[PDB]
Every structure is written in structure tokens, then in C-alpha cells.
Amino acid sequence: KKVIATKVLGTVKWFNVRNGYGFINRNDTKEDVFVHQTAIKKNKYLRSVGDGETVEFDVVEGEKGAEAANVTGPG
RNA sequence: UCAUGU
């Protein structure tokens, strides 16, 4: 996998804690990026984000598609 | 329980 962007801001569309993934909409391109629970930095759902939350992340591209990495609060 | 849940 390769890093294709860093310090991207986005808004969480939805995140399902049962299945452990969701999608973030990038504020710069308006495209959704997949986010898995393991990509979220520790905040008891130790790795989760909330629907509607603004987050900052890197985008990396394995060939299942573009996915978020190192997901944190803005700044 | 790793690609659009409900």
C-alpha cells in the first residue's frame, strides 16, 4: 500500500461499531474513503469515530480502494 | 467484525 495524501480533513458519514468500519467523506474532493477501526488512533470502543465528526487522516491506496489511515481529530 | 451497515 502507498500513501497518496496526508493531513486530509473529512467528515464521518457513518461508522458501524458492530462490523468495525465506515466511510469518511473527504472535504477536498468530496469522495468517500473507507475507514476500518484499526486505522483510528486511540481515543470502551477504543477505536471508533462518530457520525458527523470532522477528522484528519492520511489516505492510502491498497487495491481494494482508497482508505483512511492514522485517523485523528483535526490538528 | 475489512468496501456503502441501518
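Chain letters run A, B, ... following the sequence lines, proteins first and then strands; every chain starts at 1. Side-chain atoms are counted along with the backbone in the values below, which use heavy atoms only and exclude waters and symmetry mates.
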Non-neighbouring partners of A:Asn27 that pass side-chain hydrogen bond (donor to acceptor under 3.5 Å, both in side chains), sequence neighbours left out: A:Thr11

ring-ring contact (aromatic ring centres under 6.0 Å, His included) against A:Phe23, all qualifying residues, sequence neighbours excluded: A:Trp14, A:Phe34

Any [X] side-chain heavy atom under 4.5 Å of [Y] side chain:
{"X": "A:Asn25", "Y": "A:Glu31", "value": "no"}
{"X": "A:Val55", "Y": "A:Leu9", "value": "no"}
{"X": "A:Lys2", "Y": "A:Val60", "value": "no"}

Selection: residues 17-45 of chain A, any non-hydrogen atom under 4.0 Å of RNA chain B: A:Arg18, A:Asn19, A:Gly20, A:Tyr21, A:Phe23, A:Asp32, A:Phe34, A:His36, A:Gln37

Sugar-phosphate only, base, or nothing, as touched by A:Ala68 at under 4.0 Å among non-hydrogen atoms: nothing

Bounds of contact between RNA chain B and chain A, in 5' to 3' order, using a heavy-atom cut-off under 4.0 Å: B:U1 to B:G5

Residue pairs involving residues 59-75 of chain A (criterion side chain to side chain donor-acceptor pair (under 3.5 Å); sequence neighbours excluded): A:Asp58-A:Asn70

With a 3.5 Å cut-off and sequence neighbours excluded, list the donor-acceptor pairs that the side chains of residues 41-51 of chain A form with protein atoms.
unit_1: A:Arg47; atom_1: NH1; unit_2: A:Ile40; atom_2: O; d: 2.7
unit_1: A:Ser48; atom_1: OG; unit_2: A:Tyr45; atom_2: O; d: 3.3
unit_1: A:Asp51; atom_1: OD1; unit_2: A:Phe15; atom_2: N; d: 3.0

A:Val71 reachable from A:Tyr21 in the ILVMFWY side-chain graph, under 4.5 Å edges: no

